[PDB]
Amino acid sequence: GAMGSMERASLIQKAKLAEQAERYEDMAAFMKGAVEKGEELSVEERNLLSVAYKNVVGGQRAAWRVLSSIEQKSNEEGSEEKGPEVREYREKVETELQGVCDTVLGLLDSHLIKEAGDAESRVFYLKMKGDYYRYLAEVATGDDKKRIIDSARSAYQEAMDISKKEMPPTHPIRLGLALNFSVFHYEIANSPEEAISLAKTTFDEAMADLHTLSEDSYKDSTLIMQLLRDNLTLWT
Amino acid sequence: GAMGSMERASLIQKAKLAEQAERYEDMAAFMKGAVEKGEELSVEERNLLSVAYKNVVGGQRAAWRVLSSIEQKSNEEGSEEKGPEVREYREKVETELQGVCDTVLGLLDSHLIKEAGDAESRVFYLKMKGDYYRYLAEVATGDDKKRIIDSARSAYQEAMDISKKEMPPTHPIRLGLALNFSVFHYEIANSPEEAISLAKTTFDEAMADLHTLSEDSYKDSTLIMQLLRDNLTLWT
Amino acid sequence: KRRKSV
Amino acid sequence: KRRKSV
Ligand SMILES: COC[C@H]1CC[C@@H]2/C1=C\[C@]1(C)C(=C(C(C)C)[C@@H]3CCO[C@@H]31)[C@@H](O[C@H]1O[C@@H]3COC(C)(C)O[C@H]3[C@H](O)[C@H]1O)[C@H](O)[C@@H]2C
Ligand SMILES: COC[C@H]1CC[C@@H]2/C1=C\[C@]1(C)C(=C(C(C)C)[C@@H]3CCO[C@@H]31)[C@@H](O[C@H]1O[C@@H]3COC(C)(C)O[C@H]3[C@H](O)[C@H]1O)[C@H](O)[C@@H]2C
Ligand SMILES: [Cl-]
Ligand SMILES: [Cl-]
Ligand SMILES: [Mg+2]
Ligand SMILES: [Mg+2]
Ligand SMILES: [Mg+2]
Ligand SMILES: [Mg+2]
Ligand SMILES: [Mg+2]
Ligand SMILES: [Mg+2]
């Protein structure tokens with residue numbers, strides 16, 4: 001693509017630089033370029049990929065929620081008619097967001113997922129697939145909302161099934177996947193109970209496996225366990 | 001241009017939305033679109049324009065300094081040869097930065113400046129012209145460095161001359177222009193003394209005129225006076 | 001106060 | 001500690 005002429009290692013090197021420079025769009029473009037080299041991603045590389053896009057889409061999502069909240073406010077009784085602009089700009093942001101999601105989903109589908117045979121890669125990618133469908137779900141309001149949601153669900157579930165089978169309960173990816181899946185339950189699938197049960201169970205099973213971990217791995221897991229806890233605290 | 005089909009007021013409305021959404025690139029694109037409507041900018045609009053681009057270029061500048069510092073580090077004795085990537089990516093960021101600067105300079109030149117007859121608009125625009133040439137100067141390393149610097153200087157000077165003639169010492173634009181011009185002296189023109197004298201004199205003359213201000217105007221001026229003070233404190 | 005995801 | 005500009 002755009003990055004077809006750059007060396008894979010250069011793209012990775014530049015993804016790391018863009019990250020240091022907080023240039024996440026660049027980062028994501030370099031990583032997409034790297035993915036498009038056709039070689040599987042190492043752990044660090046998938047991490048770069050995830051981070052790049054998570055940041056990109058995280059900015060679009062945040063912007064989308066700003067605009068969406070503005071838009072809903074302009075749809076309140078007594079709100080002055082402001083014209084199409086808010087909806088238009090929300091749509092513009094939303095379209096670009098969806099385009100990022102589609103891009104990521106497209107990378108996962110061509111061909112990260114099919115080539116991801118280790119649980120750590122496969123679960124990582126499915127988690128990401130769940131995430132990006134969830135971000136699509138966040139803005140989805142049409143007749144595909146259900147399908148988008150269940151694509152998120154299905155990718156999360158497959159990732160949960162493998163991670164449960166193949167990863168220790170404390171695995172950061174397992175924990176992160178559960179955290180997100182639980183958030184999906186909570187705010188996408190309108191299943192706060194499942195969200196809470198998932199976050200609780202995940203947290204508790206991680207707790208019980210902390211003992212097997214070195215100090216470095218301990219610190220990785222508890223970091224995500226804390227996010228589970230933050231959500232449990234928020235939600236209960 | 002890109003925004004040729006949108007209503008000027010819609011572009012402004014969307015610039016404000018993008019600002020709320022911290023979508024500064026969008027903001028800047030909407031404002032450029034608004035500028036390109038050919039009508040002069042109101043005060044609020046010039047403020048939107050300045051803010052949009054200041055933010056855009058502020059992110060590129062910050063990224064550029066990250067990459068530049070990386071690059072200089074990779075040029076230290078004993079630094080492992082990492083390939084062209086750091087320089088390339090710095091160049092890429094730098095090019096994009098220069099393209100923003102050029103874009104802004106281009107808007108100022110077509111045709112914000114020539115149509116800006118009130119001191120507040122004219123000084124504002126010249127300040128911006130000084131700023132964008134200064135941002136060019138920041139990355140300039142070639143044979144145009146001097147010309148870029150003196151274009152910054154010249155735009156700042158003209159803005160200082162008008163502002164001095166036509167604006168109260170406490171005018172936020174006057175203060176902001178002095179602040180930036182003093183920073184130009186300090187770090188672009190290698191004239192720390194002039195930078196300090198300018199910041200001091202500006203601060204002191206603003207101080208002596210605070211009394212004429214309402215509480216709202218007082219708060220605007222002192223805010224920038226504080227930035228002058230911060231620089232004086234840093235530099236002395 | 002925004003739920004966490006990772 | 002970075003000089004200010006506005
Ligand atoms: C597909 O979904 C990916 C999520 C699921 C949970 C989390 C994943 C994300 C990243 C790559 C990592 C985590 C944390 C917990 C370190 C961050 C959380 C959000 O993004 C990163 C993964 O961690 C890795 O990447 C980090 C990069 O950033 C630094 C800080 C340099 O530190 C690095 C860590 O040492 C490394 O273990 C963490 O193992 C897993 C993969
Ligand atoms: C061409 O260079 C422009 C600088 C020179 C000094 C500063 C200018 C910038 C803006 C528009 C304004 C200032 C501050 C001091 C308020 C910010 C500083 C950097 O960008 C903005 C101008 O202020 C205006 O815009 C603000 C927008 O943001 C809010 C916070 C809503 O508050 C608004 C203020 O009430 C309004 O007075 C300030 O008057 C002048 C024009
Ligand atoms: Cl729009
Ligand atoms: Cl590059
Ligand atoms: Mg793309
Ligand atoms: Mg494989
Ligand atoms: Mg295993
Ligand atoms: Mg442009
Ligand atoms: Mg005029
Ligand atoms: Mg006057």
# chains A, B, ... in the order shown; residues from 1 in each chain; ligands from 1
call {"tool": "residues_near_ligand", "arguments": {"ligand": "ligand 5", "cutoff": "9 Å", "atoms": "only C-alpha atoms and all ligand atoms", "output": "number ranges by chain"}}
result
A: 1-2, 28-29, 32, 99-100, 103-104
call {"tool": "closest_atom_pairs", "arguments": {"of": "chain C", "to": "chain A", "cutoff": "6 Å", "atoms": "only C-alpha atoms", "output": "Markdown table"}}
result
| residue | atom | partner | partner_atom | distance |
| --- | --- | --- | --- | --- |
| C:3 | CA | A:231 | CA | 5.4 |
| C:4 | CA | A:227 | CA | 5.8 |
| C:5 | CA | A:180 | CA | 5.1 |
| C:6 | CA | A:176 | CA | 5.7 |
call {"tool": "closest_residue", "arguments": {"among": "B:83, B:33, B:169, B:192", "to": "ligand 4", "atoms": "only C-alpha atoms and all ligand atoms"}}
result
B:83
call {"tool": "residues_near_ligand", "arguments": {"ligand": "ligand 6", "cutoff": "10 Å", "atoms": "only C-alpha atoms and all ligand atoms", "output": "tab-separated table (two decimals) with N, CA, C and O atoms, in the first residue's frame"}}
result
chain	number	residue	atom	x	y	z
A	39	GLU	N	4.03	-10.83	6.80
A	39	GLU	CA	4.64	-11.65	7.82
A	39	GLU	C	3.82	-11.47	9.12
A	39	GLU	O	3.20	-10.41	9.34
A	40	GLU	N	3.80	-12.52	9.93
A	40	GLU	CA	3.13	-12.47	11.20
A	40	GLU	C	3.84	-11.44	12.08
A	40	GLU	O	4.98	-11.03	11.82
A	41	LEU	N	3.14	-10.99	13.10
A	41	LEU	CA	3.68	-9.95	13.90
A	41	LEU	C	4.24	-10.67	15.07
A	41	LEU	O	3.63	-11.61	15.58
A	112	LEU	N	-4.03	-11.23	9.65
A	112	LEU	CA	-3.50	-11.49	10.98
A	112	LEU	C	-4.17	-12.69	11.66
A	112	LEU	O	-3.49	-13.60	12.16
A	113	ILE	N	-5.49	-12.70	11.66
A	113	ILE	CA	-6.20	-13.76	12.39
A	113	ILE	C	-5.93	-15.12	11.83
A	113	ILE	O	-5.52	-16.01	12.55
A	114	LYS	N	-6.08	-15.28	10.52
A	114	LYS	CA	-5.95	-16.61	9.99
A	114	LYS	C	-4.55	-17.19	10.19
A	114	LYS	O	-4.41	-18.42	10.31
A	115	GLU	N	-3.53	-16.33	10.28
A	115	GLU	CA	-2.19	-16.82	10.46
A	115	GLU	C	-1.79	-16.90	11.92
A	115	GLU	O	-0.70	-17.41	12.19
A	116	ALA	N	-2.65	-16.42	12.84
A	116	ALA	CA	-2.30	-16.38	14.25
A	116	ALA	C	-2.63	-17.73	14.82
A	116	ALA	O	-3.79	-18.04	15.04
A	117	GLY	N	-1.61	-18.55	15.03
A	117	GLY	CA	-1.83	-19.91	15.57
A	117	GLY	C	-1.59	-20.04	17.06
A	117	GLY	O	-2.26	-20.82	17.72
A	118	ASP	N	-0.64	-19.29	17.61
A	118	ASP	CA	-0.45	-19.28	19.06
A	118	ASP	C	-1.56	-18.54	19.70
A	118	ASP	O	-2.05	-17.54	19.14
A	121	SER	N	-1.14	-14.78	20.12
A	121	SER	CA	-1.43	-13.95	18.97
A	121	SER	C	-2.91	-14.03	18.67
A	121	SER	O	-3.51	-13.03	18.41
A	122	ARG	N	-3.50	-15.21	18.69
A	122	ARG	CA	-4.84	-15.37	18.22
A	122	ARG	C	-5.84	-14.62	19.10
A	122	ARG	O	-6.69	-13.91	18.60
call {"tool": "residues_around", "arguments": {"residues": "residue A:4", "least_positions_apart": "6", "cutoff": "9 Å", "atoms": "only C-alpha atoms", "output": "list in words"}}
result
residues 33, 34, 36 and 37 of chain A
call {"tool": "interface_residues", "arguments": {"of": "chain A", "to": "chain B", "cutoff": "8 Å", "atoms": "only C-alpha atoms", "output": "ChimeraX atom specification"}}
result
/A:10,13-14,17-18,20-23,62-64,66-67,85-86,89
call {"tool": "residues_near_ligand", "arguments": {"ligand": "ligand 7", "cutoff": "12 Å", "atoms": "only C-alpha atoms and all ligand atoms", "output": "PyMOL selection string"}}
result
chain A and resi 118-123+162-171+173-174
call {"tool": "write_last_selection", "arguments": {"atoms": "N, CA and C atoms", "output": "compact mmCIF listing (two decimals), in the first residue's frame"}}
result
# COMPACT_ATOMS: atom_id res chain seq x y z
N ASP A 118 -0.64 -19.29 17.61
CA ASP A 118 -0.45 -19.28 19.06
C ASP A 118 -1.56 -18.54 19.70
N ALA A 119 -2.00 -19.06 20.85
CA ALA A 119 -3.07 -18.40 21.62
C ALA A 119 -2.81 -16.94 21.86
N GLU A 120 -1.59 -16.57 22.24
CA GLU A 120 -1.26 -15.19 22.52
C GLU A 120 -1.49 -14.31 21.32
N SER A 121 -1.14 -14.78 20.12
CA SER A 121 -1.43 -13.95 18.97
C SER A 121 -2.91 -14.03 18.67
N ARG A 122 -3.50 -15.21 18.69
CA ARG A 122 -4.84 -15.37 18.22
C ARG A 122 -5.84 -14.62 19.10
N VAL A 123 -5.60 -14.67 20.40
CA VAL A 123 -6.48 -14.07 21.35
C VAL A 123 -6.31 -12.58 21.24
N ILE A 162 -10.45 -19.37 23.62
CA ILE A 162 -9.06 -19.76 23.48
C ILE A 162 -8.27 -19.34 24.74
N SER A 163 -8.49 -18.14 25.20
CA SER A 163 -7.67 -17.62 26.28
C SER A 163 -7.89 -18.44 27.53
N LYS A 164 -9.14 -18.84 27.75
CA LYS A 164 -9.51 -19.66 28.87
C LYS A 164 -8.82 -21.02 28.75
N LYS A 165 -8.73 -21.52 27.53
CA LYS A 165 -8.16 -22.82 27.30
C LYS A 165 -6.66 -22.76 27.38
N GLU A 166 -6.08 -21.66 26.91
CA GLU A 166 -4.70 -21.71 26.54
C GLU A 166 -3.84 -20.76 27.32
N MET A 167 -4.43 -19.90 28.13
CA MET A 167 -3.68 -18.85 28.80
C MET A 167 -3.98 -18.90 30.25
N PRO A 168 -3.01 -18.51 31.07
CA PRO A 168 -3.22 -18.45 32.49
C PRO A 168 -4.17 -17.31 32.80
N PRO A 169 -4.93 -17.44 33.91
CA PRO A 169 -5.93 -16.43 34.20
C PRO A 169 -5.33 -15.05 34.36
N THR A 170 -4.03 -14.99 34.63
CA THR A 170 -3.39 -13.73 34.88
C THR A 170 -2.80 -13.16 33.60
N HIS A 171 -2.93 -13.89 32.49
CA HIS A 171 -2.32 -13.39 31.26
C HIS A 171 -2.82 -11.96 30.97
N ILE A 173 -3.30 -10.40 28.38
CA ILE A 173 -4.15 -10.34 27.21
C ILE A 173 -5.45 -10.96 27.60
N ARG A 174 -5.37 -12.04 28.38
CA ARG A 174 -6.61 -12.61 28.87
C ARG A 174 -7.40 -11.61 29.71
call {"tool": "closest_residue", "arguments": {"among": "A:202, A:5, A:69, A:236", "to": "ligand 4", "atoms": "only C-alpha atoms and all ligand atoms"}}
result
A:5
call {"tool": "closest_residue", "arguments": {"among": "B:125, B:218, B:203, B:156", "to": "ligand 2", "atoms": "only C-alpha atoms and all ligand atoms"}}
result
B:125
call {"tool": "atom_distance", "arguments": {"atom1": "atom CA of residue B:207", "atom2": "atom CA of residue B:195"}}
result
18.0 Å
